[PDB]
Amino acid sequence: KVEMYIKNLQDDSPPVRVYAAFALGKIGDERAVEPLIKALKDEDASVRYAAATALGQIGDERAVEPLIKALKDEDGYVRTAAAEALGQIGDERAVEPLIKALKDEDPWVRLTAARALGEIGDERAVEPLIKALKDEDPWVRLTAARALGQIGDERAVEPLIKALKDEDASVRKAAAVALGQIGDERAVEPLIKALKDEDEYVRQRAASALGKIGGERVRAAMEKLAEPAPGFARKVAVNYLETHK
């Protein structure tokens, strides 16, 4: 059957090739890596997209250079599937080519590259991702924030504190989760302020970010907040002081 789909990858009709490629990514068998790399150059963009999608799903590092190359495809969906595929494979060789894709014309391609860079977890992405925090597109900024959170590098702490004031609630929200994930205590006071944010979800995430940071600094900020804070912020603190000792 994996035999059959590999065979259908060669069919005259692009649709047949398209669903051969998808099917093979689903089955997950290594035999299909080679013929799927071939399909990455199919003249049909849907085939190229399916092939790239499947290669990400198979997880095999032999597809890494072929996919780095698909980062240059004329089709933005193909380029998107290429970046996602390289994140999923996790091979460090993808890092500098995805760093470049952070400057792609298509913001969803930029976004996907930033996601993929968080998934790899490689330190080299930290600075370019810090720059992507100032991307024009709020989806990119959000995703850059979330990727820095997952990389966990201390250099992002101050830029993320700033993002906590971004005009878009969704960036502020991802900046708060990321600060929690990094665990650096510089985030405590800024996070305490974000408990005042207008957006309820920003508020809740800044609350759990503080729970994750923990330690004496959060404890003392909460003793103080349970005295001069109001609203959600005060409940967060009284709740914290209860559960934590």
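Quick note: we count residues from 1 along the sequence shown, nothing fancier.
J.: Using only the Cα atoms and their B-factors as the entry lists them, report which of 173 to 181 and 39 to 47 averages higher.
T.: Stretch with the greater average CA B-factor: 39 to 47.
J.: By the CA temperature factor listed in this entry, which of these ranks top: 116, 81, 144, 94?
T.: Largest recorded C-alpha B-factor: 94.
J.: Can you work out whether the C-alpha temperature factor of residue 33 puts it in the lowest, middle or highest third of the chain?
T.: As the PDB entry reports it, the C-alpha B-factor of residue 33 lands in the highest third of its chain.
J.: Splitting the chain's C-alpha B-factors into thirds, which one does residue 60 fall into?
T.: Highest third of the chain for residue 60's C-alpha B-factor.
J.: Could you tell me which third, lowest, middle or highest, the C-alpha B-factor of residue 209 occupies within its chain?
T.: Residue 209: CA B-factor falls in the lowest third of its chain.
J.: Using the temperature factors of the C-alpha atoms in this entry, rank residue 189 within its chain: lowest, middle or highest third.
T.: Residue 189: CA B-factor falls in the middle third of its chain.
J.: Residue 90: which third of its chain by C-alpha temperature factor?
T.: Top third by C-alpha B-factor.
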